[PDB]
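Just the one chain here, laid out as structure tokens, in the form deposited in one PDB entry.
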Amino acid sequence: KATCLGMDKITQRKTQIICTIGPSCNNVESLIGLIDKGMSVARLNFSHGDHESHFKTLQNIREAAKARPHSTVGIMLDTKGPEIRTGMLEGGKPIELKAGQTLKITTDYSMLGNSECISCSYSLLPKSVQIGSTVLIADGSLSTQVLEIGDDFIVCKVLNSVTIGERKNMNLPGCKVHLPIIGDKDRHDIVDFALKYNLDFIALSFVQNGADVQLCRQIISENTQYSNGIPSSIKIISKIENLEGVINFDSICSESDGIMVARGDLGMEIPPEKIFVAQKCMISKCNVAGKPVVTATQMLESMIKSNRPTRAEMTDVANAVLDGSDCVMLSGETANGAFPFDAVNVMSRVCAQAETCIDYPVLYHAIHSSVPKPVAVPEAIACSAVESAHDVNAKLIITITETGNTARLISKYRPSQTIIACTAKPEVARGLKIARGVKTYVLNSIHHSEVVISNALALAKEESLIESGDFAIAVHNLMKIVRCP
């Protein structure tokens, strides 16, 4: 019905876009490009790089953002988390293995590993496997089986002949990994980078229960040395990356400021045909809870070595948007891909196209019905704004906010109209970069409602978002309908 009206034709994008910043796009020029193509949030994967690499990247993001005064860019720190990685190889050159050979794996991490004895970051490895256990390297590339266990090593038997590099992933199927969700390095990165440099999001890797989220809350509340004793309003985004997280989803979602659905280990703990079911379900639950949800399964793989993607990758992003996703995330397409700019631009257009397939009145009633009544005043105002915008055929919903909460609530009810959030706090604007359909205007002051609305309508007119004679809904416990001069 709505999809067919689009075919007869064969309004800016609402779904936010997160880009992972790596070597391929670390410089100012590239970052500006990424903003122009549609980047809402820049992500720093703390599984990679060092302190100096991260800090430079951060400076570059902010410099690039300064070059784009009509844009707001949020910055996300994605924790390393409880991962197991291999060590450095022979001098620095990659190594292949053949089935049948006996490969040794030492826990002496600071050791150069050859074709016979590689290294491992997990010092509790010997006490975590048994004779016969399977050890997976590079996410199902080097499959092995334990033959011996020593004090600080294991000896495995290479089962299938494959090629792997350095710092590769490692997996222990059916084995409990004795690592914390927030280890010592994660704490250091949270306090001494995210809080210290005033970042906007913490993507918490491998969250498994509400207690993981609460530990992060506690860390934030006990570390205010970088903000004059004032607790950061930095947002916790929990990454569901395994079966435990899926089982405890409700608790995690309820505790967090947002959810990210990511590849992780999930594809090894459940049947692969079931992954899409879990994703769809987690997205719907986030929609009902009004918590932002990020879809991030590295959707455009083919765009690390190709100018444009294949159908399957585009339909994945389209269907993620249609499932109700707030943001989509690019991983190695931008971080270390050959065509970082092409991917974002493609992804952006796909999102916009998928959003034309939405039956907005129907979507609104679905969400409105799913929310138990009575609600708080702010949420009621939000609903009425969306209903009003529909009833007068308004082009914009403008919200004057000091925290972004009303803007998040309007976003929850999925208006067809673009939401313009007006605030005096730049941090609030960056925080809103994960909320669907929210554009932000940062102001010097927010005290004079009339003036704020006037400037917002003038600026929106300049940006081709509204025209003279068009209606806009203004919200600030209060709702009004104004006409664009």
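Definition used throughout: the rigid core is the maximal C-alpha set that superposes within 1.5 Å between two forms. One-based numbering along the sequence shown.
Unmodelled residues of the deposited sequence between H476 and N477: 10 or more. When the C-alpha B-factors of 381-389 and 311-319 are averaged, 311-319 comes out higher. Remark: stretch with higher mean C-alpha B factor among 169-177 and 90-98 is 90-98.
Taking the PDB entry at face value, the top CA B factor among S325, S254, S302, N198 belongs to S302. By the numbers in the PDB entry, the CA B factor is greatest at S306 among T401, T356, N242, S306. Placement of the Cα temperature factor of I17 within the chain: lowest third of the modelled residues, per the deposited record. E29: CA B factor lies in the middle third for its chain, per the PDB record. For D250, the recorded CA temperature factor ranks within the middle third of the chain's modelled residues. For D139, the recorded CA temperature factor ranks within the highest third of the chain's modelled residues. In the PDB entry, a CA B factor belonging to the lowest third of its chain's modelled residues is recorded for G258.
If you look for the form deposited in another entry, you will not find it shown, but the lines that follow are about it.
A displacement of 2 angstroms or greater separates the C-alpha positions of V129 between this form and the one not shown, with the rigid core held in common. The two forms, fitted on the rigid core, differ between this form and the one not shown by 2 Å or more at the CA of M170. Between the C-alpha atoms of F249 and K176, a gap narrowed by no less than 3 Å is obtained in the other entry, as opposed to the form on display. Compared with the form shown here, the C-alpha atoms of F249 and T134 sit at least 3 Å closer together in the other entry.
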